[PDB]
């Protein structure tokens, strides 16, 4: 029952030369040098060197756009004759507006002196948002990954590798394992940056999604493809009589999402960020908070009894078959892989979906000799990303683009 998925080693403890074991803050790097006694010869020694980089957070993100503050406005129009489609209105120039029409409701005692209409015209009323101000950048977390660069040297062996926070690196005589605490961040958290990235942000758990009303977090969003307006929500009413022009009233919410947030600002969680790097579909940074600690173990054994537990005679070859689903998505894309197994009856291994740069997901494949169809869910990437089936570092040269994510609001009156 072969697998290459166990990353570590089998050891005889009497034939081990060195063990490091400690907790380290994610934001801390660490360096260790020591001359170790040669187990082959007690009168000799060999250099051992360890280097650990600071832990980098990698979030695949959705660029939700800029959060807008706004002012609420209510205006009443009146035409004694003609329907509401015939007339342009002041509010129709605005970035976001709702209109409620009262066509054919002229009667008597709802009219100014100059209107003798009865059951005609249009008393159109508009609520609208102006004084639109960008207050911050908004990203929704699609997925999370935490990595350290690990460099080992034992005499003439030397290898650097990037290692996930609950993975191990294995060389001929050295194993390094990371064990990784709780995350401050979660998939689907929304991050709000009110200024530059370096100045940190706020985490939100309830950013508007399926139903964005004016007053919610993320109510008014501006993307480069255009505005995303919230629904208003509240009832309209004419006050009619005193031989005057009708005066509309709105009972719904008047105060914007941003203003409502700022008033109770200290109800939310902050985070800070050093060395931020933004890409099309990702945000990378180091969290300077030193209260988050990982566990590191290092073990040296320059002996033939040291087993790499990943070693197998099994050989695989990959071909990217087909794709469906979307890029930049927490639901994601479905990549189909044709996977040949040779030299083995069966093999349990990890098959990954990757582009040129990064991998966006991985499935545990239960392979039997010959061809195998394996499905992978990937989460992330952008318009142009060409996703390939991969194992270790070998990828299929066939790469497939995904479809755009469905992230649309539906604003039904």
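Positions refer to the first chain, counted from 1.
Quiz item: For the stretches 128 to 136 and 319 to 327, which has the higher mean C-alpha B-factor as given in the deposited record?
Solution: Taking the mean C-alpha B-factor of 128 to 136 and of 319 to 327, the larger value falls to 128 to 136.
Practice problem: Name the higher of the two by mean Cα B-factor in the PDB entry, 71 to 79 versus 152 to 160. | Solution: The entry gives the higher C-alpha B-factor average to 71 to 79.
Exercise. Using the entry's values, work out which of 120, 269, 190, 291 has the largest Cα B factor.
Key: Of 120, 269, 190, 291, 120 has the highest C-alpha B-factor.
Quiz prompt | Highest recorded Cα temperature factor - choice among 287, 219, 284, 101 | solution = Spelled out: the listed residue with the top C-alpha B-factor is 101.
Exercise. Would you mind ranking residue 344 by its C-alpha B-factor against the rest of the chain and naming the third, lowest, middle or highest?
Key: Residue 344: CA B-factor falls in the highest third of its chain.
Quiz prompt | residue 383 - which third its CA temperature factor falls in, relative to the rest of the chain | solution = Residue 383: CA B-factor falls in the middle third of its chain.
Exercise. Please rank the C-alpha B-factors of the chain's modelled residues and tell me whether residue 47 sits in the lowest, middle or highest third.
Key: Middle third of the chain for residue 47's C-alpha B-factor.
Self-check item: residue 56, C-alpha B-factor rank within chain (lowest, middle or highest third)
Solution: It falls in the bottom third of the chain.
Quiz item: In terms of the chain's CA B-factor thirds, is residue 114 lowest, middle or highest?
Solution: Highest third of the chain for residue 114's C-alpha B-factor.
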